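S.K.: What follows is a structure written as structure tokens; I'll ask about it next.
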Amino acid sequence: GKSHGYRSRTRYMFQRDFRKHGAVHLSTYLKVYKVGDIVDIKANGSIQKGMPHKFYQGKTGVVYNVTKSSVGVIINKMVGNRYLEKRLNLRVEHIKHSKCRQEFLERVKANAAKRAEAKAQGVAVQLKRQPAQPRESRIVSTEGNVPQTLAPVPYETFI
Amino acid sequence: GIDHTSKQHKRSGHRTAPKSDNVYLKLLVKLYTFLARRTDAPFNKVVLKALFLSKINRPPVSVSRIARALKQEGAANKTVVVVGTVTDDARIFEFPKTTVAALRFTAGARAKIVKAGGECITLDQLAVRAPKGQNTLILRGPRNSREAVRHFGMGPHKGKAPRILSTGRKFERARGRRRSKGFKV
Amino acid sequence: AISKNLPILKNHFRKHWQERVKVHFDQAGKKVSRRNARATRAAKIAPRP
Amino acid sequence: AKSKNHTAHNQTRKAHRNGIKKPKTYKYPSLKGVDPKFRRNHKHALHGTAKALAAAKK
Amino acid sequence: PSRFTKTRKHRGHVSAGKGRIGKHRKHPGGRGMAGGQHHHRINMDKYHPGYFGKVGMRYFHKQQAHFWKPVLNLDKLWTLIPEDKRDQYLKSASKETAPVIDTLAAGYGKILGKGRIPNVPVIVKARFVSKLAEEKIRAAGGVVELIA
Amino acid sequence: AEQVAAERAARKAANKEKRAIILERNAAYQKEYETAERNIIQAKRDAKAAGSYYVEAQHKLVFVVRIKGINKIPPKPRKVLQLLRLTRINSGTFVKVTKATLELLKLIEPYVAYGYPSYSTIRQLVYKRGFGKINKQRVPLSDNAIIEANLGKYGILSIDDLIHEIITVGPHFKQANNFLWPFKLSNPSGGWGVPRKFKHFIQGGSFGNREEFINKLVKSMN
Amino acid sequence: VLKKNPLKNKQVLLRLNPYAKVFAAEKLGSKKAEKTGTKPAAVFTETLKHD
RNA sequence: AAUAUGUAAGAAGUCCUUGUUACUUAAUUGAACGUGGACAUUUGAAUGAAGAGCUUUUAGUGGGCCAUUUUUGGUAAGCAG
RNA sequence: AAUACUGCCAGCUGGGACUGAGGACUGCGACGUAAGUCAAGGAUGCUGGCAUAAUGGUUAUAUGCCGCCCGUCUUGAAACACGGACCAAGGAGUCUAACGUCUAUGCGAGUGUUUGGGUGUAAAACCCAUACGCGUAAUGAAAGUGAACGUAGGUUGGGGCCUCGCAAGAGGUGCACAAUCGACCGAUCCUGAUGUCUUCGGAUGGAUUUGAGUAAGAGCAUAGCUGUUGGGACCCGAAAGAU
RNA sequence: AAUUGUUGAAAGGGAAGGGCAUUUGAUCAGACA
Ligand SMILES: [Mg+2]
Ligand SMILES: [Mg+2]
Ligand SMILES: [Mg+2]
Ligand SMILES: [Mg+2]
Ligand SMILES: [Mg+2]
Ligand SMILES: [Mg+2]
Ligand SMILES: [Mg+2]
Ligand SMILES: [Mg+2]
Ligand SMILES: [Mg+2]
Ligand SMILES: [Mg+2]
Ligand SMILES: [Mg+2]
Ligand SMILES: [Mg+2]
Ligand SMILES: [Mg+2]
Ligand SMILES: [Mg+2]
Ligand SMILES: [Mg+2]
Ligand SMILES: [Mg+2]
Ligand SMILES: [Mg+2]
Ligand SMILES: [Mg+2]
Ligand SMILES: [Mg+2]
Ligand SMILES: [Mg+2]
Ligand SMILES: [Mg+2]
Ligand SMILES: [Mg+2]
Ligand SMILES: [Mg+2]
Ligand SMILES: [Mg+2]
Ligand SMILES: [Mg+2]
Ligand SMILES: [Mg+2]
Ligand SMILES: [Mg+2]
Ligand SMILES: [Mg+2]
Ligand SMILES: [Mg+2]
Ligand SMILES: [Mg+2]
Ligand SMILES: [Mg+2]
Ligand SMILES: [Mg+2]
Ligand SMILES: [Mg+2]
Ligand SMILES: [Mg+2]
Ligand SMILES: [Mg+2]
Ligand SMILES: [Mg+2]
Ligand SMILES: [Mg+2]
Ligand SMILES: [Mg+2]
Ligand SMILES: [Mg+2]
Ligand SMILES: [Mg+2]
Ligand SMILES: [Mg+2]
Ligand SMILES: [Mg+2]
Ligand SMILES: [Mg+2]
Ligand SMILES: [Mg+2]
Ligand SMILES: [Mg+2]
Ligand SMILES: [Mg+2]
Ligand SMILES: [Mg+2]
Ligand SMILES: [Mg+2]
Ligand SMILES: [Mg+2]
Ligand SMILES: [Mg+2]
Ligand SMILES: [Mg+2]
Ligand SMILES: [Mg+2]
Ligand SMILES: [Mg+2]
Ligand SMILES: [Mg+2]
Ligand SMILES: [Mg+2]
Ligand SMILES: [Mg+2]
Ligand SMILES: [Mg+2]
Ligand SMILES: [Mg+2]
Ligand SMILES: [Mg+2]
Ligand SMILES: [Mg+2]
Ligand SMILES: [Mg+2]
Ligand SMILES: [Mg+2]
Ligand SMILES: [Mg+2]
Ligand SMILES: [Mg+2]
Ligand SMILES: [Mg+2]
Ligand SMILES: [Mg+2]
Ligand SMILES: [Mg+2]
Ligand SMILES: [Mg+2]
Ligand SMILES: [Mg+2]
Ligand SMILES: [Mg+2]
Ligand SMILES: [Mg+2]
Ligand SMILES: [Mg+2]
Ligand SMILES: [Mg+2]
Ligand SMILES: [Mg+2]
Ligand SMILES: [Mg+2]
Ligand SMILES: [Mg+2]
Ligand SMILES: [Mg+2]
Ligand SMILES: [Mg+2]
Ligand SMILES: [Mg+2]
Ligand SMILES: [Mg+2]
Ligand SMILES: [Mg+2]
Ligand SMILES: [Mg+2]
Ligand SMILES: [Mg+2]
Ligand SMILES: [Mg+2]
Ligand SMILES: [Mg+2]
Ligand SMILES: [Mg+2]
Ligand SMILES: [Mg+2]
Ligand SMILES: [Mg+2]
Ligand SMILES: [Mg+2]
Ligand SMILES: [Mg+2]
Ligand SMILES: [Mg+2]
Ligand SMILES: [Mg+2]
Ligand SMILES: [Mg+2]
Ligand SMILES: [Mg+2]
Ligand SMILES: [Mg+2]
Ligand SMILES: [Mg+2]
Ligand SMILES: [Mg+2]
Ligand SMILES: [Mg+2]
Ligand SMILES: [Mg+2]
Ligand SMILES: [Mg+2]
Ligand SMILES: [Mg+2]
Ligand SMILES: [Mg+2]
Ligand SMILES: [Mg+2]
Ligand SMILES: [Mg+2]
Ligand SMILES: [Mg+2]
Ligand SMILES: [Mg+2]
Ligand SMILES: [Mg+2]
Ligand SMILES: [Mg+2]
Ligand SMILES: [Mg+2]
Ligand SMILES: [Mg+2]
Ligand SMILES: [Mg+2]
């Protein structure tokens with residue numbers, strides 16, 4: 001019949017990275033997780049215990065619980081026409097801290113400074129992010145830079 | 001041809017006049033649309049709506065839920081307003097003075113209010129006393145104290161009262177309700 | 001014939017019940033008849049009560 | 001009499017009618033599945049700092 | 001009445017609102033509670049968990065009445081006194097003269113203690129009290145007098 | 001009771017001051033406009049003079065009209081058409097050019113024709129078929145007091161104060177441009193020029209960015 | 001009760017935009033711009049006519 | 001790789017001060033929850049928004065078929081998936 | 001120098017078509033030294049014809065273009081798929097018992113006169129004692145026990161109201177509702193005080209356990225659309241089986 | 001009512017009936033004042 005076991009189809013998903021097999025390096029267990037941390041899930045094939053289901057691979061969530069060797073991560077899986085709440089019990093080897101918030105944090109502290117230094121200067125701030133605007137006008141120089149004229153080339157084979 | 005972004009010809013889904021046919025109800029509704037159109041006071045807009053609410057959404061306000069409201073800091077001289085009937089509660093032993101304006105007062109609670117030295121105002125006397133609702137404290141009854149809402153959202157692990165006629169053991173209490181008869185919920 | 005979230009009912013109508021329906025159409029009848037029955041017993045019974 | 005076996009045709013049509021609702025978010029989430037030994041002590045923690053704050057309006 | 005019935009509105013359309021594919025045949029699922037373990041089990045577990053199978057003990061020839069024992073809380077209690085008489089005793093709370101309430105005369109079997117009665121002494125005759133009911137009475141200076 | 005001419009006077013005098021501010025305002029844009037244009041003309045000249053090449057700024061405003069009808073549209077372009085408020089055929093809106101919307105225009109090129117509006121065609125769009133969203137209620141612009149009531153918050157108290165905010169992509173181009181109901185154009189009055197419409201402008205159809213050729217299109221559809 | 005297009009209704013053209021009278025009165029629509037005579041560098045002319 | 005796909009873009013925020021406990025540390029260490037204080041809409045991209053959220057009950061349906069693109073079986077099919 | 005080409009003008013101007021909604025005034029303006037005038041929030045002026053089958057409605061016919069049999073089941077029917085020659089008159093979701101949601105009404109910690117009695121202008125209307133039913137307590141298989149640490153709790157959002165301010169806004173209080181952490185009652189598991197007819201008694205404090213519970217009641221009754229189950233059960237239909 | 005006879009009117013080159021439109025014939029309302 002058909003097959004649909006718990007790790008079905010994960011041939012390459014749980015493979016190990018090229019020339020990167022073996023013990024997990026000792027920082028993986030030196031990282032520290034707190035309730036509220038945003039973490040990325042990537043299962044480690046070498047650590048069978050406390051492993052996410054293939055669905056939660058590549059998926060980011062928030063820790064809600066911190067145990068001896070593990071973290072509880074709630075994740076919103078969308079079943080049907082709605083999202084449900086899913087809490088996962090992962091071990092520290094399959095989780096990792098998401099830099100998806102660093103850009104935000106790096107922008108918060110920066111935003112405070114831009115604001116304090118401008119206020120203590122004389123207002124005029126503007127610290128929302130804006131998209132890429134079109135280019136401005138410019139004058140390009142011909143000096144040392146005469147236009148090299150091109151034409152399409154004929155047909156050849158060289159085989 | 002327009003690519004519509006929203007359902008077309010959709011009713012707002014809020015009542016517009018009470019569904020009741022009571023003449024006197026329509027008169028109070030008459031009074032209060034006027035007040036609500038020409039006063040800029042919010043209290044009139046709220047009151048105007050409550051007059052449309054169906055009997056479910058007019059749970060009785062007990063006389064003791066009122067006495068509680070007057071125990072709020074700085075709320076004890078406010079004149080409470082109930083857009084519904086007010087029921088007596090034999091469980092409070094001391095009731096304060098104050099003025100309660102309602103659609104109905106039960107025989108029991110009108111006593112308990114008047115006895116302790118208060119006053120029972122119909123919602124139009126209230127309009128005259130307080131066109132902007134000055135010094136009013138509107139109380140609503142408890143809506144989900146209704147019995148029927150026990151059965152709403154029934155389902156596995158929802159803890160939610162089966163629509164049952166006779167009860168007791170022998171009445172939906174075995175397989176699927178205990179670890180030893182198949183499973184539990 | 002099981003559907004929706006409805007209370008399980010027990011409407012015992014699987015015998016030939018329509019044969020044994022008693023409508024008390026004579027309710028007013030038999031009260032009139034009971035009142036007259038006592039008004040006769042009263043009179044038969046002399047001053048006894 | 002064979003007939004069709006399966007399709008996801010038209011299912012995303014339907015799911016999008018009344019939405020794909022966002023997951024809903026609450027300040028103060030539930031402690032459901034949190035370590036018991038933490039919660040036990042934390043029950044006593046709030047109790048304590050509750051008591052200290054009534055002692056701040058005594 | 002029949003003039004408001006939706007079938008008046010269905011007149012003229014072929015199917016009476018019952019569908020052209022799906023028809024309105026006799027009994028598709030079978031009659032009654034048929035197949036509550038089979039084609040209808042999804043609806044029996046949920047909406048009706050606990051329906052199949054046995055629990056507890058049988059009890060041949062149980063006479064309810066044996067177990068007649070209505071309950072009343074301190075919650076009420078003072079309500080068993082007529083309201084005019086009531087205020088007389090609420091004030092002048094003492095021993096020497098304290099109301100007798102025959103809660104069986106009011107047709108109650110047990111007194112529970114839902115909560116808080118004024119500090120008036122009351123003499124409570126009843127068949128059964130709850131530990132709290134009985135303790136809360138005393139804190140007001142009343143007693144409970146076991147009757148039958 | 002006075003008012004009669006008393007508060008008639010208080011108003012009619014202040015209605016004369018508003019037109020005063022508008023006249024001195026509209027006079028200024030005009031100077032700005034032509035001097036802006038003459039400056040560029042001289043930029044290009046002075047560059048060839050200096051043996052070099054003047055490249056203009058990329059346009060920052062664009063005007064998009066829906067070319068394609070309503071049905072058989074894939075879900076993604078179909079959202080973007082809704083977000084761009086072009087939900088019916090031949091209507092059109094202005095769009096500010098940024099990375100985050102240049103990528104929107106890309107996603108709907110098979111269904112829209114757009115390009116670079118000239119002051120003349122922005123002017124004649126607002127004047128003739130310019131309406132305002134005011135409690136929805138698509139209101140015709142017909143009087144300058146309509147605008148100031150709803151856009152006076154942000155400057156902008158004349159119909160040309162609008163056009164100025166649009167054409168220059170001002171600080172409040174979002175609120176000014178959204179204040180305008182989508183423009184409802186008719187079919188081009190001389191026809192489309194191409195035999196078949198739903199090819200790119202470059203391939204001899206009508207859709208995509210035809211740059212300043214949008215003006216001849218739009219002017220016939222107005 | 002009836003939108004009058006400006007553009008062809010002078011009355012309404014002047015209800016909006018009071019500058020319309022200035023603008024008409026000073027031609028402006030046909031403003032003769034300044035006559036200058038800058039000629040292009042030969043680098044420009046060469047590369048233009050080049051191949 | 002392309003196309004698809006997880007998360008983030010703030011008031012439920014950020015920073016100072018220092019309380020509660022039975023958890024935890026060699027330790028008033030930490031963890032969790034707090035009292036008190038400092039900073040407002042350029043308060044943290046875009047575009048849109050005939051508003052947003054929520055609750056109850058109930059019909060019909062549960063034979064589907066076609067097109068472009070991807071694609072399995074078959075020499076193929078107006079074939080089967 | 002000119003011209004083309006492309007673009008602009010709040011430059012002028014002719015021919016043609018369709019429309020004329022609104023019904024005192026009110027608005028934004030324009031022209032005028034001015035008085036006034038205007039094409040400025042929707043047609044008026046002048047002239048003629050007939051006052052009639054002239055126009056218009058109906059109808060029959062002709063002409064241009066167009067138009068397959070309805071009903072049904074079906075992915076697909078005009079089908080070489082079925083029913084239907086024609087017309088009249090019958091002709092199919094009903095009533096009941098018990099229910100879910102919703103709504104209107106009565107009264108409300110209650111509610112329900114109509115088994116019955118009283119009475120009557122007599123199947124009506126009017127009146128009513130004792131019970132009973134449902135509700136006001138839950139939880140255990142059961143024996144049983146049985147709902148305030150506290151302003152009936154803390155936190156966060158809440159309409160409304162109160163206070164300051166001209167206002168914008170700030171504080172105060174905050175029902176309903178939602179989220180969260182606690183407290184109470186029963187089941188389960190621990191703990192086992194003071195005592196004792198030495199095995200009875202079970203205070204007290206607890207636990208990732210558990211209940212259709214408590215935490216200032218919301219119910220009862222009549223009615224109605226829809227929906228549910230049993231009934232001949234929307235109407236018509238077996239092959240059979242039994243006495 | 002189906003259906004039939006008579007009389008009157010009208011149309012008909014392998015069906016009939018229908019839609020929008022107008023000519024022609026027949027017929028009729030209203031409005032003028
Ligand atoms: Mg397989
Ligand atoms: Mg695999
Ligand atoms: Mg193992
Ligand atoms: Mg309502
Ligand atoms: Mg409520
Ligand atoms: Mg209850
Ligand atoms: Mg219910
Ligand atoms: Mg039960
Ligand atoms: Mg269901
Ligand atoms: Mg029976
Ligand atoms: Mg049977
Ligand atoms: Mg029988
Ligand atoms: Mg009989
Ligand atoms: Mg009789
Ligand atoms: Mg089969
Ligand atoms: Mg097949
Ligand atoms: Mg199927
Ligand atoms: Mg009827
Ligand atoms: Mg009808
Ligand atoms: Mg219908
Ligand atoms: Mg019909
Ligand atoms: Mg139906
Ligand atoms: Mg159907
Ligand atoms: Mg049918
Ligand atoms: Mg079908
Ligand atoms: Mg099932
Ligand atoms: Mg059973
Ligand atoms: Mg047994
Ligand atoms: Mg037994
Ligand atoms: Mg007790
Ligand atoms: Mg836009
Ligand atoms: Mg591009
Ligand atoms: Mg031409
Ligand atoms: Mg033409
Ligand atoms: Mg063409
Ligand atoms: Mg062609
Ligand atoms: Mg045009
Ligand atoms: Mg590639
Ligand atoms: Mg994406
Ligand atoms: Mg301490
Ligand atoms: Mg603070
Ligand atoms: Mg945004
Ligand atoms: Mg964008
Ligand atoms: Mg917007
Ligand atoms: Mg809106
Ligand atoms: Mg349904
Ligand atoms: Mg099936
Ligand atoms: Mg179904
Ligand atoms: Mg079927
Ligand atoms: Mg392919
Ligand atoms: Mg096929
Ligand atoms: Mg030209
Ligand atoms: Mg021109
Ligand atoms: Mg007119
Ligand atoms: Mg008119
Ligand atoms: Mg003048
Ligand atoms: Mg005029
Ligand atoms: Mg005539
Ligand atoms: Mg004549
Ligand atoms: Mg005629
Ligand atoms: Mg006539
Ligand atoms: Mg004539
Ligand atoms: Mg005529
Ligand atoms: Mg004829
Ligand atoms: Mg004909
Ligand atoms: Mg044809
Ligand atoms: Mg037919
Ligand atoms: Mg077939
Ligand atoms: Mg079908
Ligand atoms: Mg076919
Ligand atoms: Mg057919
Ligand atoms: Mg055929
Ligand atoms: Mg057949
Ligand atoms: Mg036949
Ligand atoms: Mg029938
Ligand atoms: Mg019925
Ligand atoms: Mg009621
Ligand atoms: Mg009671
Ligand atoms: Mg009677
Ligand atoms: Mg009488
Ligand atoms: Mg009689
Ligand atoms: Mg009487
Ligand atoms: Mg009696
Ligand atoms: Mg009773
Ligand atoms: Mg009972
Ligand atoms: Mg109950
Ligand atoms: Mg109680
Ligand atoms: Mg209990
Ligand atoms: Mg019991
Ligand atoms: Mg015991
Ligand atoms: Mg305690
Ligand atoms: Mg205690
Ligand atoms: Mg807290
Ligand atoms: Mg506030
Ligand atoms: Mg507060
Ligand atoms: Mg407990
Ligand atoms: Mg248990
Ligand atoms: Mg047990
Ligand atoms: Mg129960
Ligand atoms: Mg209750
Ligand atoms: Mg109720
Ligand atoms: Mg309903
Ligand atoms: Mg049925
Ligand atoms: Mg038969
Ligand atoms: Mg037979
Ligand atoms: Mg037979
Ligand atoms: Mg047999
Ligand atoms: Mg025989
Ligand atoms: Mg022939
Ligand atoms: Mg005709
Ligand atoms: Mg006349």
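S.K.: Name the residue, out of B:158, B:55, B:115, whose mean-square fluctuation peaks in a Gaussian network model built on chain B with Cα pairs under 10 Å.
M.R.: Maximum among the listed residues: B:158.
S.K.: So, one more: For F:129, A:107, which order do you get if you count the other beta carbons within 10 Å of each Cβ and list the fewest first?
M.R.: A:107, F:129
S.K.: Spin-label point model (7 Å from Cα, Cβ direction): what's the residue B:129 to residue A:140 distance in nm?
M.R.: Simple spin-label model gives 8.4 nm for this pair.
S.K.: OK, next. Using Cα-Cα distances under 8 Å and only pairs 6 or more residues apart, what relative contact order does region F:48-107 have, in percent?
M.R.: This gives 41 percent for region F:48-107.
S.K.: Which whole-number percent of Cα pairs in chain F have a distance greater than 29 Å?
M.R.: 37
S.K.: For chain B, modelled as a Gaussian network with Cα springs under 10 Å, which listed residue fluctuates most, B:134, B:72, B:125?
M.R.: Largest GNM mean-square fluctuation: B:72.
S.K.: How big is D, in µm² s⁻¹, for region D:1-54 by Stokes-Einstein at 25 °C and 0.890 mPa s if Rh is the Kirkwood radius over C-alpha pairs?
M.R.: Estimated diffusion coefficient is 147 µm²/s.
S.K.: Test of the criteria: in region C:15-49, which trypsin sites (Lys or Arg not before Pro) are in a DSSP loop and have at most 11 other Cβ atoms within 10 angstrom of their Cβ?
M.R.: Here the sparse-neighbourhood loop sites are C:15, C:22.
S.K.: Another question, then. Rounded to the nearest 10 degrees, what's the angle between the helix B:23-38 long axis and the longest principal axis of chain B, both from Cα atoms, 0 to 90?
M.R.: Its long axis makes an angle of about 70 degrees.
S.K.: Compute the angle between helix F:6-49 and the longest alpha-carbon principal axis of chain F, please, reported from 0 to 90 degrees and rounded to the nearest 10.
M.R.: Helix F:6-49 and the main axis of chain F meet at about 30 degrees.
S.K.: On a 0 to 90° scale, report how tilted helix C:27-44 is relative to the longest principal axis of chain C, with both axes built from alpha carbons and the result rounded to the nearest 10.
M.R.: 20
S.K.: Using C-alpha positions alone, give me the convex hull volume of chain C per residue in cubic angstrom.
M.R.: 174
S.K.: Rounded, prolate or oblate: which fits region A:16-159, taking a ≥ b ≥ c as square roots of the Cα gyration tensor eigenvalues, rounded meaning a/c under 1.5, else prolate when a/b beats b/c?
M.R.: Since a/c reaches 1.5 but b/c is at least a/b, the shape of region A:16-159 is classed as oblate.
S.K.: Which residues make up the longest stretch of chain A clear of GluC sites (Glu not before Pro) that lie in a DSSP loop with no more than 11 other Cβ atoms within 10 Å, not counting the sites?
M.R.: Longest stretch, sites excluded: A:1-135.
S.K.: Still on this structure: For region B:59-143, what's the relative contact order in percent, using C-alpha pairs closer than 8 Å and at least 6 residues apart?
M.R.: 36
S.K.: Only Cα pairs within less than 10 Å get springs; with that Gaussian network setup on chain B, which residue of B:92, B:113, B:164 has the largest fluctuation?
M.R.: Fluctuation is largest for B:164.
S.K.: Evaluate the Debye formula for region F:82-130 with equal point scatterers sitting on the alpha carbons, no solvent, and hand back log10 of I(q)/I(0) at q = 0.14, 0.22, 0.33 Å⁻¹, in q order, two decimals.
M.R.: -0.40, -0.93, -1.35
S.K.: I would also like to ask the following. List A:108, B:29 from most exposed to least, where exposure is judged by having the fewest other Cβ atoms within 10 Å.
M.R.: By the 10 Å Cβ count, ascending, the order reads A:108, B:29.
S.K.: Can you tell which of F:4, F:202, F:74 lies farthest toward the positive end of the dipole of chain F, using +1 and -1 charges on the Cβ of basic and acidic side chains (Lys, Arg; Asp, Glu)?
M.R.: Farthest towards the positive end: F:74.
S.K.: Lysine pairs in chain D with alpha-carbon atoms under 18 Å apart, 8 or more places apart or on different chains: how many are there?
M.R.: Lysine pair count for chain D: 4.
S.K.: Now a separate question. Enumerate the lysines that residue E:26 could reach by cross-link, defined here as Cα to Cα under 25 Å, with residues fewer than 8 away along the same chain left out.
M.R.: Answer for residue E:26, where 25 Å is the Cα cut-off: C:4, C:10, C:15, E:6, E:9, E:18, listed by chain and number.
S.K.: Apply 1/(1 + (r/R0)^6) to the Cβ-Cβ distance of residue A:53 and residue D:14, taking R0 = 22 Å, and write down the FRET efficiency to the nearest 0.05.
M.R.: Efficiency, from the Cβ-Cβ distance: 0.25.
S.K.: Per residue, how much space in cubic angstrom lies within the convex hull of the C-alpha atoms of region E:7-103?
M.R.: Normalising the Cα hull of region E:7-103 by residue number yields 323 Å³.
S.K.: Then there is this: Given a cut-off of 17 Å, what percent of all Cα-Cα pairs of region A:2-48 lie beyond it?
M.R.: Counting every Cα pair in region A:2-48, those more than 17 Å apart make up 51 percent.
S.K.: Distances over 19 Å make up what percent of all Cα-Cα pairs in region B:25-118?
M.R.: Beyond 19 Å sits 46 percent of the P(r) for region B:25-118.
S.K.: Also: State to the nearest 20 debye the size of the charge dipole of region F:1-94 about its Cα centre, where the only charges are +1 on K and R beta carbons and -1 on D and E beta carbons.
M.R.: Dipole size: approximately 760 debye.
S.K.: Can you check what the net charge comes to around residue E:109, using other residues whose Cβ is under 9 Å from the Cβ of residue E:109 (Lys, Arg +1; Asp, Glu -1)?
M.R.: +3
S.K.: Follow-up question, since we're still on this one. Could you name the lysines in cross-link range of residue A:119, using Cα to Cα under 21 Å and dropping any fewer than eight places away on the same chain?
M.R.: Within reach: A:109, A:128.
S.K.: Report, in debye and to the nearest 20, how large the dipole of region B:1-104 comes out about its Cα centre when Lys and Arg carry +1 and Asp and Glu carry -1 on their Cβ.
M.R.: Dipole about the Cα centre, nearest 20: 320 debye.
S.K.: Can you list, largest first and rounded to whole Å, the semi-axes you get for the protein assembly as shown by taking the square root of 5 times each eigenvalue of its Cα gyration tensor?
M.R.: Semi-axes (√(5λ), whole Å): 75, 44, 36.
S.K.: Take chain E, mark every one of the chymotrypsin sites (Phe, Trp or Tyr not before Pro) that falls in a DSSP loop and has at most 15 other Cβ within 10 Å, then report the longest stretch left between them, sites excluded.
M.R.: Answer - E:69-148.
S.K.: Could you give P(r) for chain G, binned at 10 Å from zero, as whole percent values over all Cα-Cα pairs?
M.R.: 18, 25, 15, 13, 17, 10, 1
S.K.: Under a cut-off of 21 Å between alpha-carbon atoms, report the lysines in cross-link reach of residue B:49, not counting same-chain residues fewer than 8 places apart.
M.R.: Filter leaves B:10, B:19, B:26, B:30, B:132.
S.K.: If you average the sequence gap of Cα pairs under 8 Å that are 6 or more apart and divide by the length of chain B, what percent do you get for the contact order?
M.R.: 17
S.K.: Specify the longest stretch of chain G that does not include any exposed loop site, a site being one of the trypsin sites (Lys or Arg not before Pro) with a non-H, G, I, E, B DSSP assignment and at most 15 other Cβ atoms within 10 Å.
M.R.: G:9-26
S.K.: Still on this structure: Distance between the C-alpha centers of region F:158-222 and region E:63-102? Whole Å please.
M.R.: Distance between centres, Cα-based: 87 Å.
S.K.: OK, next. List the pairs from E:95/E:136; B:160/E:136; A:42/A:86 whose alpha-carbon separation is above 25 Å, in the order I gave them.
M.R.: B:160/E:136
S.K.: Something else: Is the C-alpha gyration tensor of chain B telling us rounded, prolate or oblate? Criteria: a/c under 1.5 is rounded; beyond that, a/b larger than b/c is prolate, otherwise oblate.
M.R.: oblate
Here, each number is a calculation from the coordinates, and none is a lab measurement. Cβ atoms come from the backbone with ideal geometry, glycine included; neighbour counts cover every protein chain shown.
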